[PDB]
Each structure stands twice: as structure tokens, then as C-alpha cells.
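In: From the sequence below, what's the structure:
(chains A, B, C and D, ligands or ions: 4)
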Amino acid sequence: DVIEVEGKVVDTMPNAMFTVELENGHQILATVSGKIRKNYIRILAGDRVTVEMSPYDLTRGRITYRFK
Amino acid sequence: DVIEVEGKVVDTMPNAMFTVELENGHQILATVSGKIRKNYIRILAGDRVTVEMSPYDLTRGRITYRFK
Amino acid sequence: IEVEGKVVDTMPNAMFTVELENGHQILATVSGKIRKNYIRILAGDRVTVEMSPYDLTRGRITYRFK
Amino acid sequence: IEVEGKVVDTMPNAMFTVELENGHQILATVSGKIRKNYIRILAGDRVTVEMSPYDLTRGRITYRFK
Ligand SMILES: [Zn+2]
Ligand SMILES: [Zn+2]
Ligand SMILES: [Zn+2]
Ligand SMILES: [Zn+2]
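Out: Numbering: from 1, shown residues only, chains lettered A, B, ... in the order given. Ligands and ions are numbered 1, 2, ... in the order given. This is the structure:
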């Protein structure tokens, strides 16, 4: 399954992967969901996002929502 | 591994298990860490807590810290 | 002031569990307009929700997409 | 105003990654007193940290428990 966490986009990295900083200061690696791209939603630094975490891999995640 | 989430204690349940409501409104079932008990820390309703989530089981967790 | 979400669960007394797009799970009532027009809401339905100013875990369904 | 935590990582230029008891991971410097007294801080060491008022992800180690 997946758990959802919210965080701030800190760093813009190679093939559209992002560094997201959670509330507790921990940082996770994130890709962007296809739903976000095809809806012309841009993911900038400083943006707040919702990230779906693969349970087996708490290092990586996937951005499923951008606030505002 | 485990991921850490913060939430509010909503319900006091049977053998010292608690209902914790996370920031996103999702609710998880939680026990209390032995460190908390043996340090004479009480877990009341309305308390904010840090919960360690077993990755394989995102329904259940373990309270590892109480704020204030 | 409205958020978009999918209906996860139906509870008794016209209550609904809604998974918002932002990841939030809320407990939602239905607006007066929704009831008067006999709009049937089932699990999986996409809805718009007006959040409660007093409770951030609750809101009311203002529209059901067909 | 102090929080308790365990040293996770040592970085160059007297920087430390600290896992606080509340679950927060912060990047910590060392207080002037700590440096002057040549206090050696290693991974696994328990420390007290004064949080930064301006950055909630940063702080400074004020004491190392032996
Ligand atoms: Zn926190
Ligand atoms: Zn949220
Ligand atoms: Zn959710
Ligand atoms: Zn942590």
C-alpha cells in the first residue's frame, strides 16, 4: 500500500525527480505523478506537495498533489 | 523500516491501544512504546504524539513521543 | 473554497467518507440542494466538497459528478 | 528550549545530523563552549540541542552526554 505525507519541494534534480522535505525535517526522493504532468501543473522549489510513499521504500515517493 | 508521523490522540481503547488522527485526517491504531511507559509519560486524549509506522502495516503504529 | 475528492465510503444518516485530491480523508455530509434533488451518491463517485471552517476533518458535498 | 536527540551523522566543518526524540531530523552546529572544550562528538552520542528560532530544521548542540 502507500501512505501519504506532505512536504516542501527543496531541490530540483535530474529527470524530473525532486527532493521533498517533510514536516519532521526528513528528506525523501520524489517523482511526479502522470496525473500532475498531463494536467499542466508545474512543480517549483518552495512548493507544498502531497507525496505517496511506497511502503517498501521509505526513501522514495511520488508527488500526487500540489497545494495552491 | 519505519516512517514517523505526527498526530492527535482521538480515542482511548482497550489494552493501552490508541486511535491517532494524522494531519491528513487518516486514523491509525497505535500502541505505546515501552520507553514512554517506563518514563512515567501519560498519553491522554487530545495529546499530540509521534508515531512510528510499521511499513508493512500502515494501519497500525507505535507512539514513541508525546509533545509537551 | 471547494475541494475535489472521491467518495470512499457511505455511512448511515447521509454521511460519506471522502478522499480529497490533496490526500486528506474527511467525513462529509450532503448539502441541502443535494438531498432535495434526490442525488444518489455511491462509493467511487467524484464530488466537490465545501470544507468546514470549524472542523478541518469535515465538510459537505456540494456536487456529484456524473 | 532544549530538545534531546541522538547524533546520526557527522558532516564536514563541525556539522552534525541529529535525530531528535520527537522524530525530527535536524542539521546541527556545535556551541562555542563545546568547541573550546574540545568535546569530541561521534555517531550514536546523545546530545541536547538548542533549536534555531529562524530555521526549524537547524540547531546547535549545547551538551554531549558521556
Ligand atoms: Zn513535527
Ligand atoms: Zn494536509
Ligand atoms: Zn488520503
Ligand atoms: Zn526521524
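In: Let me see the ranges of the strands in chain A.
Out: Taking DSSP state E as the test, the strands found in chain A are A:3-12, A:18-22, A:27-32, A:48-53, A:60-66.
In: among those strands, which is the most enclosed?
Out: Ranked by mean neighbour count, those are led by strand A:48-53 with a mean of 22 (mean count of other Cβ atoms under 10 Å in any protein chain shown). (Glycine included, C-beta is placed from N, CA and C.)
In: and stretch A:35-48 with chain B, contact?
Out: No. Stretch A:35-48 is not in contact with chain B by Cβ under 8 Å from any Cβ of the partner chain; minimum separation 12.1 Å.
In: What are the buried residues along that stretch?
Out: Residues of stretch A:35-48 classed as buried by neighbour count (16 or more other Cβ atoms under 10 Å in any protein chain shown): A:36, A:43, A:47.
In: who in chain A is up against chain C?
Out: Contact residues, chain A versus chain C (Cβ under 8 Å from any Cβ): A:4, A:6, A:50, A:52, A:64, A:65, A:67.
In: nearest to chain D, of those residues?
Out: Nearest to chain D, judged by Cβ to the nearest Cβ, of the residues of chain A next to chain C is residue A:6 at 15.0 Å.
In: For the closest one, which non-adjacent residue is closest in space?
Out: The spatial neighbour of residue A:6 that comes closest, neighbours along the chain excluded (Cβ to Cβ, 6 or more residues apart in numbering or on different chains), is residue A:50 at 5.4 Å.
In: so who does that neighbour touch?
Out: A:4, A:5, A:6, A:63, A:64, A:65, A:66, A:67, B:24, C:22, C:23 (Cβ atoms under 8 Å, 6 or more residues apart in numbering or on different chains).
In: Please apply the same query to residue A:67.
Out: Listed by Cβ under 8 Å, 6+ apart, the contact set of residue A:67 reads A:6, A:47, A:48, A:49, A:50, C:22.
In: CA-only coordinates of stretch A:28-35, as CSV, when you get a sec.
Out: The C-alpha trace of stretch A:28-35 is given here as CSV (Å, rounded to 0.1, in the frame of the first residue of the first chain):
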residue,chain,number,x,y,z
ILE,A,28,12.7,11.9,0.5
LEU,A,29,13.3,11.5,-3.2
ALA,A,30,10.2,12.0,-5.3
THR,A,31,9.0,11.6,-8.9
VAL,A,32,5.9,13.4,-10.3
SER,A,33,2.7,11.5,-10.9
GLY,A,34,1.5,11.4,-14.5
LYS,A,35,-1.8,13.0,-13.5
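In: Show residues contacting that stretch.
Out: Here stretch A:28-35 makes contact (Cβ under 8 Å, 6+ apart) with A:5, A:7, A:13, A:16-20, A:22, A:43, A:49, A:51-53, A:58-64.
In: rerun that using 6 Å as the cut-off
Out: For stretch A:28-35, the external contacting residues (Cβ atoms under 6 Å, 6 or more residues apart in numbering or on different chains) are A:16, A:17, A:18, A:20, A:43, A:51, A:60, A:61, A:62, A:63, A:64.
In: From the residues you listed, pick the one nearest chain C.
Out: Among the contacts of stretch A:28-35, residue A:64 lies closest to chain C (Cβ to the nearest Cβ), at 6.8 Å.
In: Just to check, the closest one is in contact with residue A:53?
Out: No. Taking contact to mean Cβ atoms under 6 Å, the distance of 10.4 Å between residue A:64 and residue A:53 leaves them out of contact.
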